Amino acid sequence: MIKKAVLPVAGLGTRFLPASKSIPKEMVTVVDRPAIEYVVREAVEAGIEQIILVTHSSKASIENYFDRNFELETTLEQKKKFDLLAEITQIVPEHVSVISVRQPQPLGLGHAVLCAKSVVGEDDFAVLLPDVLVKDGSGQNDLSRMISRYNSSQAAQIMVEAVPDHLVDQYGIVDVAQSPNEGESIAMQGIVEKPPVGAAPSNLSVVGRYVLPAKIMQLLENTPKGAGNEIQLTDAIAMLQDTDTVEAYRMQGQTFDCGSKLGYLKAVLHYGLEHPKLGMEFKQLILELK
C-alpha cells in the first residue's frame, strides 16, 4: 500500500561544516558507512521499494553509493575480498530502485517534496529527512508501524518524540489534546515552531518522518512563502487539516541529529557500540580512555 519514500537531500548543510564543505552531509561517516545508508535501510525495512532522492548538482556521491562501481569492484576481485565485493554489490535489494530528481533552487522542505510530484504520481508516500537517524530495539521499526497506521486510518501520520519540558523551544511541537502511548497515534490540530517554555501545547517534537497522501502535492502548489521566506511543508499539512484527519505517531525508538556536530558524535557512540562486528572492541577503546 505505501511503496514510495521522498528523501530531500538538496540542502547544502551549513550546520556540519567543514565536514560537508566538499562531500554531501549525507555521506558523513557514521562508524563505517555514510549517514544516508541508515535512513535508506530504515525505509527498505518498512517495505519501501522506490527511494526518491530530491537532490543537488553537488550530491552525485549519494547516487553513486546505491550504484555499481566498475573500478572498485574489479580491484576487490583482484584482491579476492569476495565477501566485501558481495557487501558493496547488494547494498540495496534487487526490488528496491533509487530515483533522482533536481531541486532547482533551495526554497524549503515543502518545495523539495513538490519537486517529486511527477514521480510520486497519485501514490501515497513517506518523507524521511535524512539528517535525522532513527534507532529501534524490537522487530518492526517506527516507520513500519506509522505506515501500517496510515493504511489502517487513511489519516496523514507525523512522527513525534517526547522531549524534556525545559527544551520545547528548540523543536516544532504538535498541538494534541492528550499525548499518545509509544507506538500509537492521536489526532493533532497544528504544529508550533519553537514555542516558548511553559506555553507549548505538548512535549512531542516533530522528528522528520511523514506518511502523506498525494493530495499534499496539490496543496504545496498553493502554499505561500512562510518562515524564512521559504515554502513550508507544515503549512501544506495545516491546509490538509481542512479535509483530512492528521495524527501524531509517537515513536518507540530514539533519534540522532547528524546536522549538529554533537548529535553526530552521539550517533557514532550509540551506533559504534551496537555494531554487530566492532561493538565489543569499540566499548574497549572507550574504557581505555580513563
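Residue numbers run from 1 along the displayed sequence.
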Self-check item: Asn229 unmodelled in at least a third of other compared entries
Solution: yes
Practice problem: Read off the CA B-factors in the entry, average them over 46-54 and over 232-240, and name the higher stretch. | Solution: 232-240
Self-check item: Residue range whose averaged C-alpha B-factor is higher in the record, 73-81 or 109-117
Solution: 73-81
Quiz item: If you check the C-alpha B-factor for each of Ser144, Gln178, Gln103, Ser100 in the entry, which is highest?
Solution: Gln178
Self-check item: Third assignment of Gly279 from its chain's C-alpha B-factors
Solution: middle
Quiz item: Comparing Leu133 with the other modelled residues of its chain, is its CA B-factor in the lowest, middle or highest third?
Solution: lowest
Quiz item: According to the PDB entry, is the CA B factor of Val246 in the bottom, middle or top third of its chain, that is, lowest, middle or highest?
Solution: middle
Quiz prompt | Entry-reported Cα temperature factor of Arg15, expressed as the chain third it lands in | solution = highest
Exercise. Report the third (lowest, middle or highest) to which the CA temperature factor of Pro224 belongs, ranking only the modelled residues of the same chain.
Key: highest
